[PDB]
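Accompanying notes for the structure given below.
A quick note on method: Cβ atoms are made from the backbone with ideal geometry, for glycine too, and the neighbour counts reach across all protein chains shown. Please treat every number below as a calculation from the coordinates, not as lab data.
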Amino acid sequence: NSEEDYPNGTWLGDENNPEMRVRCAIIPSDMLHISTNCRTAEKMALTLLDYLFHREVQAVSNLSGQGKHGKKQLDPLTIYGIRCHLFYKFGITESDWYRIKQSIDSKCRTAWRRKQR
DNA sequence: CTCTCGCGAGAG
DNA sequence: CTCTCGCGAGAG
């Protein structure tokens, strides 16, 4: 939320808009790897996921924190940052963000499916 | 691996 | 009953 949280990290979203920006952990070198190879909001979303949540946090959680498996909830502020970074770099819509959330939940489901094996 | 379907439980 | 939502899983 404030840059003092992560010093060597970067900003998710628009740096010059204090209301639509989140400070996160990934280093400026990884943040250029993402904005270079991820040329669609769908690929950027799931690359940001791998780089913002340790995979065994992915294998134990989902977005809302509900469900029959009783998974934990992924950080609502981190998920907000992904929402700003996709809006800022791609100008996604409310329906576009809904599809993205479905992809994120499906990615975390496969991480859960793996963990059992 | 991602994408996306459809099932079935619970909220409304 | 309709809708929302988590889910397993197959296909690409």
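Taking 0.36 nm per residue of sequence separation and subtracting the Cα-Cα distance, how much length would be gained by fully extending the chain between residue A:116 and residue A:93, in nm to one decimal?
Contour length minus the Cα-Cα distance gives 4.7 nm.
Would you give the gap between the C-alpha center of segment A:45-117 and the C-alpha center of segment A:1-43, rounded to a whole Å?
Centre-to-centre (Cα) distance: 16 Å.
Equivalent ellipsoid semi-axes for chain A, as square roots of 5 times the alpha carbon gyration tensor eigenvalues: give them largest first, rounded to whole Å.
24, 16, 14
Assigning unit charges at the beta carbon (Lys, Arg +1; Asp, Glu -1) and nothing else, what dipole magnitude in debye, to the nearest 20, does segment A:3-116 show about its Cα centre?
Dipole magnitude for segment A:3-116 comes out near 840 debye.
In chain A, once you exclude exposed GluC sites (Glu not before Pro) (DSSP loop, at most 16 other Cβ within 10 angstrom), what's the longest stretch remaining?
Longest run free of exposed loop sites: A:20-117.
What's the extension gain from residue A:25 to residue A:105 if we count 0.36 nm per residue and subtract their Cα-Cα distance?
Value of the extension gain: 26.6 nm.
Whole-Hz ³J(HN,Hα) for each residue in segment A:67-72, computed from phi via Karplus 6.51 cos²θ - 1.76 cosθ + 1.60 with θ = phi - 60°, x for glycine and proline: what do you get?
Running phi through 6.51 cos²θ - 1.76 cosθ + 1.60 with θ = phi - 60° gives x, 5, 7, x, 5, 5 Hz.
Okay, helix-only estimate at 222 nm for chain A: each DSSP H run of n ≥ 4 adds -39500 (n - 2.57), divide by all residues, round to 500 deg cm²/dmol; what do you get?
That calculation yields -17500 deg cm²/dmol at 222 nm.
Residue farthest toward the positive end of the dipole of chain A, with Cβ of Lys/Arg at +1 and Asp/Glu at -1: which of A:6, A:57, A:25?
Value computed over the given set: A:57.
Below 19 Å Cα-Cα, how many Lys pairs turn up in segment A:69-117? Only count pairs eight or more apart in sequence, or on different chains, if you could.
Pairs that pass both the separation and distance tests number 8.
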